[PDB]
Amino acid sequence: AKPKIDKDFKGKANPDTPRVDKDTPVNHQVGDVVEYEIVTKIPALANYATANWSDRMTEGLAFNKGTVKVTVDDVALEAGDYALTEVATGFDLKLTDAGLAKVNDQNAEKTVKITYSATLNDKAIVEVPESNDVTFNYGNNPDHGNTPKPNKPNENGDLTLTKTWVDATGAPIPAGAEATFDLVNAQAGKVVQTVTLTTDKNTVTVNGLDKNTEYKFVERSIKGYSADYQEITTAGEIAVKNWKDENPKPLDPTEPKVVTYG
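As deposited, the entry is annotated with X-ray crystallography as its determination method and 1.30 Å as its resolution.

Going by the PDB entry, the chain carries the name CELL WALL SURFACE ANCHOR FAMILY PROTEIN and comes from Streptococcus pneumoniae.

Spelled out as C-alpha cells, the structure:
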C-alpha cells in the first residue's frame, strides 16, 4: 500500500479527495500572508527508513521562516522527532528515528500534517501565478531524493541540466539509465519541453526560454534511483544527483496557485 499526499491552502488539503477547483489561482494582494498545508497518509504497518518532505516555491512567494509546524494525527511532534532545514525558497523536513517510530509499524493509517506560511511579494507580476512544488521522498531504504528547485534561464534564454550518478553510499557510478526530464513552467504548471540524457552524456540544454520565467526539470522516475536536486547557484544552470537508493518513486502532490491583479 502506497502513501498518499496532497498540498493546498490551510484547511483544504485532502489526499483522498483533492480540492476540485485547485487549478484556479486564488486572488491575493502583495503583502498577504498565505497559509499552506501538506497532508500525508502513511499506510498501516509501514517500515520506512526515510520519510522526507521537500518544498520549494517561486520567487513571488517569500517563504516565512520559523512558521513550519508538524503533527501526526494532530499531535505536535517533539523537537527530536524531526530535522527541519529552512532556506530562502522553502524547506526540507525529515523524520528522525524517533519520529519514524510514530508512523512506522502502526495498526492504522497515520496522518502527517505540515503547516507553514509564505508572503506574496513585489516580485509577483500581475496575472502571472506563483506556486510551489513538494515531494515526499520515502522508502524502506534510506532515500536521498528531494524536490526540484526552480530557476530562470540565463540572459540568452538557455537552461542547462547537469546530472551525476552515485550509489546508495554516495560513491560515483556510471550513468544507470537514459534519463528523461520534463521542463515545466514552475509558476503555471505546464510542460514546455521534454529532454533526454543519454548515458554517454551528463548535460543537456534547452534553448529559447523566457529569461523572466522560472522553470523546473522534473525527472521522470528511473527505477531504483532517487533524484537529489542541488540548490541553485546560477541563472541558466540546474544540477541533479541521482542516487541508487532502490526505493519507490516519490510522491508529488498537485499544487495550489496564487495570483494578483492590477
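Q: Where do I start with the side chain of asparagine 64 in this structure?
A: Along the polypeptide, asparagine 64 turns up in the loop between strand 5 (61-63) and strand 6 (69-72). Taking the relative accessible area as the measure of exposure, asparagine 64 reaches 17% and is therefore buried. Among residues more than four places away in sequence, those in contact with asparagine 64 are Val33, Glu86, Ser117, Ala118 and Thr119.

Q: Please clarify how the pairing of strand 4 (residues 50-57) should be interpreted in this entry.
A: Within a regular strand, the side chains alternate between the two sheet faces. Here strand 4 lies mainly inside the structure; eight of its eight residues are buried. Where strand 4 meets strand 11 (residues 130-139), eight bridges bridge the pair, whose relative direction is antiparallel. Each residue of the ladder has a partner; that of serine 54, found in strand 11, is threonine 135. Sheet topology places strand 4 next to strand 9 (residues 90-95); five bridges connect them, and they run antiparallel.

Q: What is the right way to read the nonpolar core from this model?
A: Across soluble globular proteins, nonpolar side chains show a tendency to be buried alongside one another. Core analysis: the largest hydrophobic core is formed by 33 residues, its most contacted members being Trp53, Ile114 and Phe136. In terms of residue count, strand 10 (residues 110-120) provides more of this core than any other element does, five residues in total. Setting aside residues up to four positions removed in sequence, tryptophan 53 forms contacts with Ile5, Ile38, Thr40, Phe91, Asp92, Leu93, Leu95, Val112, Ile114, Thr135 and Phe136.

Q: How do you make sense of the packing of aromatic side chains when you look at a structure like this?
A: The description of an aromatic ring pair rests on the distance of the ring centres and on the angle between the ring planes. Scanning all chains against the criterion turns up ten aromatic pairs. Centre to centre, the rings of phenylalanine 136 and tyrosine 138 are 5.4 Å apart; their planes meet at 10°, and the pair counts as stacked. A residue is classified by how much of its surface remains accessible, and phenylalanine 136, at 0% relative accessible area, is buried. Residue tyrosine 138 is classed as buried on the basis of its relative accessible area, which comes to 6%. Ring pairing ties together the aromatic residues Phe9, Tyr36, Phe63, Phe91 and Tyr116, which thus form one cluster. A cation sits over an aromatic face here: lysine 163 above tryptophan 165, 3.0 Å from the ring centre.

Q: Mind showing me how you'd approach the sheet that holds strand 16 (residues 215-219) here?
A: Strand pairing in a sheet relies on backbone hydrogen bonds. The paired strands run either parallel or antiparallel. The strand order 14-13-16 describes an open sheet built from three strands, whose pairing is antiparallel. Each having just a single partner strand, strand 14 (191-197) and strand 16 make up the two edges of the open sheet. Across this sheet, the average inter-strand angle for adjacent strands is 25°, counted without regard to direction. Bridge count between strand 13 (residues 179-185) and strand 14: six bridges; the pairing is antiparallel. Opposite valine 184, over in strand 14, you have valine 191 as the bridge partner.

Q: Any chance you could explain the domain arrangement of the chain here in plain terms?
A: Interface size is commonly expressed as the accessible area that is lost once the parts come together. Domain boundaries assigned for the chain yield domain 1 (1-149) and domain 2 (150-262). Domain 1 puts 50 residues into the contact, and the matching count from domain 2 is 38 residues. Every element with two or more residues in the side of domain 1 that touches domain 2 is listed here: strand 1 (4-9), strand 2 (26-27), strand 3 (33-42) and strand 11. Per-element tally for the side of domain 1 that touches domain 2: the top contributor is strand 11, with ten residues. A breakdown of the residues in the side of domain 1 that touches domain 2 according to their chemical character gives 21 nonpolar, 16 polar and 13 charged.

Criteria and cut-off values
- Residues numbered from 1 in each chain as written, not as in the entry; some residues may be left out.
- Heavy atoms only, no water.
- Residues with missing side-chain atoms left out of burial classes, pairs and counts.
- Helix = DSSP H or I, 4+ residues; strand = E, 2+ residues; numbered from the N terminus.
- Buried < 20%, exposed > 50% of the residue type's maximum accessible area, 1.4 Å probe, protein only.
- Contact = heavy atoms within 4.5 Å.
- Pairing = 2+ DSSP bridges.
- Core = buried A, V, L, I, M, F, W, Y, C linked by side-chain atoms within 4.5 Å.
- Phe/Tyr/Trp six-rings, centres within 6.5 Å; stacked < 30°, edge-to-face > 60°.
- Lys NZ or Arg CZ within 6 Å of the ring centre and 35° of its normal.
- Axes fitted to C-alpha atoms, helices over the stretch in contact; angles between N-to-C directions.
- Domains from an automatic or database assignment.
- Nonpolar A, V, L, I, M, F, W, Y, C, P; charged D, E, K, R; others polar.

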